[PDB]
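Here you get one chain, nothing else, as structure tokens; it is the form deposited in one PDB entry.
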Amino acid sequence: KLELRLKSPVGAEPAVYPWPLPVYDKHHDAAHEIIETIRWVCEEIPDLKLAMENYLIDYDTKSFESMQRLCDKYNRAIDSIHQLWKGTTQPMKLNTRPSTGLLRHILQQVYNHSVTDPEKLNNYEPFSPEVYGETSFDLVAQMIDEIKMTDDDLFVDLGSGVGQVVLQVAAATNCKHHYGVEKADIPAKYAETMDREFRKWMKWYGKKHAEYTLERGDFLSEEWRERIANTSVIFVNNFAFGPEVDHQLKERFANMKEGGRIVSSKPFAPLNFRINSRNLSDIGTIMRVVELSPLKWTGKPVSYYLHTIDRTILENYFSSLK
């Protein structure tokens, strides 16, 4: 039937949209996704922005003719750019990581295409570890900015939901591998589509990401004990996990390497920890804990906390006993 098509700037399969264009939520639709996609491509390729600068128009997101018209202007401009690249003009640099602004758009696009019924993520057992909530792009970006990962680092989102934390980190850092592990059926199911849509859109934009895997599973399992021990950066949105789950996580953290880091929405050790002869076995003895600077109280997880595995604290206490 009626179709809208956007050509890829790097010659991947065109993106196809049905008419009428679908709505995602109260503030997101396919019409606007299309217009923003064109805008971001224009950001990627200055030549394209030029052509699009030359013969802007009153887009009626209501009108098919109008939307087909705008898509045509973009597709024609993409054709001419590809011809330009056949001449002397340098083509778009391949396999670079997306800009922060492009990444935000890509992840929203992937989410809207994969999470078909968002309401279904609220079907959890309340007052349980299953409680769903998403860390915002802005907080994830802060975590990336401040905890600096290198190609030596291994990153894991414990309880990864639909996987959008892991995708953002895979696109912004050069870790060897990123993992997400999610237990609940509904988000784990959506994460499978998120995985596919992300790999497809990233290829469409011609942008690179690191290796990652989104898995279904229980991060408290026997298998996961050793995986946690060998992870250098743990992200865990544990605000609603409870004391029992946190206690079990502490036990698994106590096997992590020196300099390992844990980012969480509820501290695993009090910020003002001081070693004495009664707390000698508390996880607080082997880590520093700092509250990440707030981004400029509600009831929902807002603040996040960085834990760094530092055994010199325990060592020091013993040297002082001598």
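Only residues modelled in both forms are compared. All residue numbers refer to positions in the sequence shown, first residue = 1. Definition used throughout: the rigid core is the maximal C-alpha set that superposes within 1.5 Å between two forms.
> Do at least a third of the other entries of this protein fail to model residue 312?
Replying inline: Across the other compared entries, residue 312 is absent from none.
>> Does at least a third of the other compared PDB entries (those resolving both flanking residues) leave residue 303 without coordinates?
In response: Per the records, residue 303 is modelled in all the other entries.
>> So residue 296 and residue 297 are neighbours in the shown sequence, but is anything from the deposited sequence left out between them? Give the count as none, 1 to 3, 4 to 9, or 10 or more.
In response: Missing in between: 4 to 9 residues.
> Does the entry skip any residues of the deposited sequence between residue 55 and residue 56, and if so, is it 1 to 3, 4 to 9, or 10 or more, or none at all?
Replying inline: 1 to 3 residues lack coordinates between residue 55 and residue 56.
>> Can you tell me whether 310 to 318 has a higher mean C-alpha B factor than 6 to 14 in this record, or the other way round?
In response: Stretch with the higher mean C-alpha B-factor: 310 to 318.
>> Please compare 256 to 264 with 58 to 66 and say which has the higher mean C-alpha temperature factor in the record.
In response: Higher mean C-alpha B-factor: 58 to 66.
> Between 189, 105, 247, 93, where does the Cα B-factor run highest in the record?
Replying inline: The record points to 93.
> Based on what the PDB entry reports, which of 76, 227, 208, 86 has the top C-alpha B-factor?
Replying inline: Going by the entry's C-alpha B-factors, 86 comes out highest.
> Should residue 164 be placed in the lowest, middle or highest third of its chain by the C-alpha B factor in the entry?
Replying inline: It belongs to the lowest third of the chain when residues are ordered by C-alpha B-factor.
> Should residue 43 be placed in the lowest, middle or highest third of its chain by the C-alpha B factor in the entry?
Replying inline: Its C-alpha B-factor, which the entry lists for residue 43, ranks in the middle third among residues of this chain.
> Relative to the other modelled residues in the chain, which third contains the C-alpha temperature factor of residue 135: lowest, middle or highest?
Replying inline: Lowest third of the chain for residue 135's C-alpha B-factor.
> Considering only modelled residues of the same chain, in which third does the CA B-factor of residue 185 rank: lowest, middle or highest?
Replying inline: Residue 185: CA B-factor falls in the middle third of its chain.
> Based on the entry's values, in what third of the chain does the Cα temperature factor of residue 194 lie: lowest, middle or highest?
Replying inline: It belongs to the lowest third of the chain when residues are ordered by C-alpha B-factor.
From this point on, the text means the form deposited in another entry, which you will not see here.
> After fitting the rigid core, is the C-alpha of residue 206 off by 2 Å or more between this form and the one not shown?
Replying inline: No, residue 206 moves less than 2 Å.
> Taking the rigid core as the reference frame, is the Cα of residue 130 displaced by 2 Å or more between this form and the one not shown?
Replying inline: Where the cores coincide, residue 130 still shows a C-alpha shift between this form and the one not shown that is 2 Å or more.
> Once the two forms are fit on the core, has residue 302 moved its CA by at least 2 Å between this form and the one not shown?
Replying inline: After core superposition, the C-alpha of residue 302 moves 2 Å or more between this form and the one not shown.
> Are residue 132 and residue 228 closer or farther apart at the Cα level in that other deposited form than shown, by 3 Å or more?
Replying inline: Those two alpha carbons end up farther apart in that other deposited form.
> With a C-alpha distance change of 3 Å or more, do residue 164 and residue 129 lie closer or farther in that other deposited form?
Replying inline: Nearer in that other deposited form, by 3 Å or more.
>> Residues present in both forms only, core superposed, 2 Å C-alpha shift required: which runs of three or more differ between this form and the one not shown?
In response: After core superposition, the displaced runs are 124 to 135, 297 to 303.
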